[PDB]
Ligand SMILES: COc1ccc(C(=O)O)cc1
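For reference, the chain that follows is the form deposited without ligand ANN, supplied as structure tokens.
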């Protein structure tokens, strides 16, 4: 779920408040269309796509699915006790968190005008 995703971030990118990723570019956050403004936004476009794919599994709701994972000593691990839906969402979240860590944060791209720049 988002709570857990929030925690994955704070664990892979402790230097930042998860809030910095909650509304960035065209895909990080409520957004979900248009051209990604930079590599970090692309991290979120991939994440969104991943969620849409996951939504294909019956009863699978990626914002709300509570999965099993661990983050310690810099490593994120989606545990073996996850069903197809949990494993899939956890993997979406784990890959995005990792992408976030290695992506440059461009202050200019925070909270942009979606209706005007993400068509």
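Residue numbers count along the first chain shown, from 1.
One more form of this protein exists, namely the form deposited with ligand ANN bound; it is left out here, but the text below deals with it.
Asker: Does the 4.5 Å heavy atom contact test between residue 27 and ligand ANN in the bound PDB entry come out positive?
Answerer: Although ligand ANN is absent here, residue 27 would touch it in the bound PDB entry, with heavy atoms inside 4.5 Å.
Asker: Should residue 22 be classed as touching ligand ANN in the bound PDB entry when contacts are defined as heavy atoms within 4.5 Å?
Answerer: Because a heavy atom of residue 22 falls inside 4.5 Å of ligand ANN in the bound PDB entry, the answer is yes.
Asker: Report whether the minimum heavy atom distance between residue 91 and ligand ANN in the bound PDB entry is within 4.5 Å.
Answerer: Output for residue 91 is no: heavy atoms all beyond 4.5 Å of ligand ANN.
Asker: Residue 38 versus ligand ANN, in the bound PDB entry: is there a non-hydrogen atom within 4.5 Å?
Answerer: No - in the bound PDB entry, heavy atoms of residue 38 and ligand ANN never come within 4.5 Å of each other.
Asker: Spot the stretch among 67-75, 83-91, 28-36, 53-61 with residues whose non-hydrogen atoms come within 4.5 Å of ligand ANN in the bound PDB entry.
Answerer: Only one stretch passes the 4.5 Å heavy-atom test: 28-36.
Asker: Given a 4.5 Å distance limit between heavy atoms, list every residue of 1-23 close to ligand ANN in the bound PDB entry, or none if there are none.
Answerer: Heavy-atom contacts to ligand ANN in the bound PDB entry: 2, 5, 6, 9, 18, 21, 22.
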